[PDB]
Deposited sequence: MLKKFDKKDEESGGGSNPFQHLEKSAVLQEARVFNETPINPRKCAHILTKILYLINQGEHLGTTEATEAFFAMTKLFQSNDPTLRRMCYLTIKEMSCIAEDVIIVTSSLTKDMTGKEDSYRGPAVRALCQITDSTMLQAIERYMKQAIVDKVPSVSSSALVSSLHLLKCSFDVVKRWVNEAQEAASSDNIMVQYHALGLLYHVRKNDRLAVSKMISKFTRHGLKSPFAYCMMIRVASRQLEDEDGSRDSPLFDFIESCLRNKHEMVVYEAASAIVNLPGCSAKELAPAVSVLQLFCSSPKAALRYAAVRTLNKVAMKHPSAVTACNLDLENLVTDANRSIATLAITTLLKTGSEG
């Protein structure tokens, strides 16, 4: 419940022992995550020691422990030194047989990967982007989005796998896919216009994609959408021969009326 940092970093030293208790060790990982979520500052040295203890848990095949490991990796990625040590384990897990682990692994991998090491994993990234499992595909797309900061020139190269993914029936995948595409193509005006023209016909099946695409269209139309969110988005877009009826018609409702009124 309510505990001290030093104690927990201590019991973390049980991870170095061979006959691993998955339940117990996962509990301790949870204590660490909590300490961190609470805002407790861990030093470079103690963080690094705990990180390297956690790696040793990769010997255990317990699923919950594995998942907790992914989390721990993402959370300590910025406070511990030499997190690169997990790269192999994650590329393994991400390419592995079991889908429950695949998306999460991509996310964690990309968190500990820096623009220097990006080249080593590019092939697997392109593979995960086009995977049929939406968990994996979505994870890889958002991952790439994040990676657009540190290294843009490597990720722009991935527009093809991205485009392939943007046809997905899965609404999240489509969302992330078109999102990523824009994030790359933003600032090359031509490719954006083409981008828009493409989905103006044979539009999308994602409400979120719809919303963001409307927002895209707004840079210097149709409110018949069957999702509340898109209709609103469209509306607020339009007002910056008008038809401001649908807003007013939204004005009568639970908690949607804030959005309506807030406009103007």
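*Asks:* Give me the ranges of the deposited sequence that have no CA atoms here, in sequence order.
*Replies:* Residues lacking C-alpha coordinates: 1-19, 240-256, 277-287, 312-355.
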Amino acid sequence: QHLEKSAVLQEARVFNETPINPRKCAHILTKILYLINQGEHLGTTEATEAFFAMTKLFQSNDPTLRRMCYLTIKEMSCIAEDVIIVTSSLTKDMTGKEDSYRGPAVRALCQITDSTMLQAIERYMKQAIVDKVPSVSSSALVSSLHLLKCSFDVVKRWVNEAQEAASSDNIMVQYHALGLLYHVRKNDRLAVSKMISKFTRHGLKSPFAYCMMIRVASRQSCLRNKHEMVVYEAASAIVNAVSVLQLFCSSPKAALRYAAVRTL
From here on, numbers count along this sequence of modelled residues.
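*Asks:* Determine, for stretches 120-128 and 186-194, which one has the higher mean CA B-factor as deposited.
*Replies:* It is 186-194 that shows the higher mean C-alpha B-factor.
*Asks:* Which of the two stretches, 137-145 or 160-168, shows the higher mean Cα temperature factor in the record?
*Replies:* Result of the comparison: 160-168.
*Asks:* Could you check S115, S100, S77, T87 and tell me which one carries the biggest Cα B-factor in the deposited entry?
*Replies:* Result of the comparison over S115, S100, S77, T87: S115.
*Asks:* From the list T44, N37, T64, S60, select the residue with the highest C-alpha B factor recorded in the entry.
*Replies:* The listed residue with the largest C-alpha B-factor is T64.
*Asks:* Would you mind ranking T30 by its C-alpha B-factor against the rest of the chain and naming the third, lowest, middle or highest?
*Replies:* Lowest third.
*Asks:* Looking at the entry's B-factor column for C-alpha atoms only, identify whether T48 ranks in the lowest, middle or highest third of its chain.
*Replies:* Lowest third, going by the recorded CA B-factors of the chain.
*Asks:* According to the PDB entry, is the CA B factor of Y232 in the bottom, middle or top third of its chain, that is, lowest, middle or highest?
*Replies:* Lowest third, going by the recorded CA B-factors of the chain.
*Asks:* Of the three thirds of its chain by CA temperature factor, lowest, middle or highest, which one includes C211?
*Replies:* Answer is lowest: the recorded C-alpha B-factor places it there.
*Asks:* Sort the modelled residues of this chain by their C-alpha B factor and say whether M68 lands in the lowest, middle or highest third.
*Replies:* For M68, whose C-alpha B-factor we compare with every modelled residue in the chain, the answer is the middle third.
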